[PDB]
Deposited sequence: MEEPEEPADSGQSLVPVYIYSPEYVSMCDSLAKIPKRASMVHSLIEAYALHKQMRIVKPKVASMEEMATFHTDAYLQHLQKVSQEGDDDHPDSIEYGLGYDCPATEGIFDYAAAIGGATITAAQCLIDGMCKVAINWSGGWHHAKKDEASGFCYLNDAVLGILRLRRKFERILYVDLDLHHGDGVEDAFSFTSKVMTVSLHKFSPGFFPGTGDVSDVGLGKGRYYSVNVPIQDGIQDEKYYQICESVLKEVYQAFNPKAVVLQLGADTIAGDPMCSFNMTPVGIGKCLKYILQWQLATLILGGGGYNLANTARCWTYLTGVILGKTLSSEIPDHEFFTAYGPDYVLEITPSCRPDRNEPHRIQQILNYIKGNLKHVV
C-alpha cells in the first residue's frame, strides 16, 4: 500500500520559517480527517545529512546555507534545518521504493524543484527531487520525472541535462516574464542529456480536458521512447483554480487522471507536492489525489477537522473552475506535441 512520510514533528517543521504558513498541517489534517492515513503505511522521515544533501549540492553551498540558517537575513533562520528535513523525507520515500516496500511513496511537503547544486532559486534551497532521483538510481537505471506544478521544474531538468539516464517532463506556464522563464519546447537538454528533457509550454486558462490530453499523449510518447523503471511526480497545486497564481483552471480531478495514467504503469513512484498557495484548496487537492492512489471515492462534505472553517463558503471538496478563458489555441499545442514527438525520435 502507499507510504506516507509523516511525523508530527515533520508537519510542525513544514509550518515554520519566517514566511511559511501552516499548509503542512492543513494538508495532513484533511487526509487524516477523511481517515485516508488509515489506509497507508506511515513512515517517519529522517533528516538528510550534509553528506546526502551533498550528493547533489556543493559542500560549499550547504556549508554557507547552514551558516546563514542560524543567523537569518543579515534567507531567514531555519532554512537549513527545514531543507534537511524535507530532503530527508524525499530520500526516505525513495529508500522505501528501493526497498520494495511500496510502489508508491508520498511526501506532499516536497517538490522544491527550483534549487540547483550550488544555488537556491524560487525559495527552494535544496532540490529534494534530485536527491530522491539520485537515490532511485541505486536500483533504477532510468528515472522519469513529471512535473505538473504550474512552473518550470528547471532545477531538476538542469540537474540532469547531460545524461539520458534521467528524463524530465515539465508542463508549466510559459509566458514572457513568468517565472522562471525557462522551459520553451526547444529546451531539450545538452550534450548526451539532449532530447531527454521535455517541456510543454501551456498558457492561462487550460482546464482539465485539454490539460490531460496534452499530459497523456506526451507521457505516452515518453514511456515507450524512454522505458523508465521509476517515476518522480511533483504535483504542485498552483494550476488549480482559486490559487493566487490565477493561471490555470484545473481541479484535482484533471490532475487525478494524469496521476492514474502514471500509476497504471505499475512503476515505483515517488509523489511530491510543490506550490499550492490556496491552503484549503491545496489540501483539497492532495487529499483528493491521496484518494485516487487508495482507490477510495471521497465524500464531498469536508469533515469537522481543526481547519474546517477555511473550506468556506460551500464547505465541500470539489473545486469549480473560475470563469476565465483558455488562451490555448488547439493547433499551437499540436505544433508542440509534434515537436516533442520529433525530439523523442532521438531518444534511445
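Could you name the stretches of the deposited sequence that have no C-alpha atoms in this structure? In sequence order, the gaps with no modelled C-alpha are 1-14, 89-103.
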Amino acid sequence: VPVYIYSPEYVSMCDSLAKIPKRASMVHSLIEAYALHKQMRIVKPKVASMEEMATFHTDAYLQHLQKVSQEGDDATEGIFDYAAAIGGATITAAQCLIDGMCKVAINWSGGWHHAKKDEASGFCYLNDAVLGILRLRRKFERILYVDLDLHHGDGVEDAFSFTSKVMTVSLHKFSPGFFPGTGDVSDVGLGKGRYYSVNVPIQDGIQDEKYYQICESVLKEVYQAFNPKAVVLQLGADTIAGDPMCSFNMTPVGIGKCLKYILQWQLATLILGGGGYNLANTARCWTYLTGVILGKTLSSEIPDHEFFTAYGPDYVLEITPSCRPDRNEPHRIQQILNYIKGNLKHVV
From here on, numbers count along this sequence of modelled residues.
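Going by the B-factors listed in the PDB entry, is the mean over the C-alpha atoms higher for 283-291 or for 34-42? It is 34-42 that shows the higher mean C-alpha B-factor.
Using only C-alpha atoms and the B-factors in the entry, which stretch averages higher, 122-130 or 189-197? Higher of the two, by average CA B-factor, is 189-197.
Highest Cα B-factor in the deposition, which of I91, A159, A85, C102? That would be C102.
Pick out which of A75, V146, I262, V253 has the highest C-alpha B-factor in the PDB entry. It is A75.
Taking the entry's C-alpha B-factors for this chain, is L270 in the lowest, middle or highest third? Tercile = lowest for this residue's CA B-factor.
Of the three thirds of its chain by CA temperature factor, lowest, middle or highest, which one includes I333? For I333, the deposited C-alpha B-factor lands in the middle third.
Using the B-factor values recorded in the entry, state whether the Cα atom of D81 falls in the lowest, middle or highest third among the modelled residues of its chain. Its C-alpha B-factor belongs to the highest third of this chain's values.
Compared with the other modelled residues in the chain, in which third is the CA B-factor of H172? Its C-alpha B-factor, which the entry lists for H172, ranks in the lowest third among residues of this chain.
Which third, lowest, middle or highest, does the C-alpha temperature factor of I98 belong to within its own chain? Top third by C-alpha B-factor.
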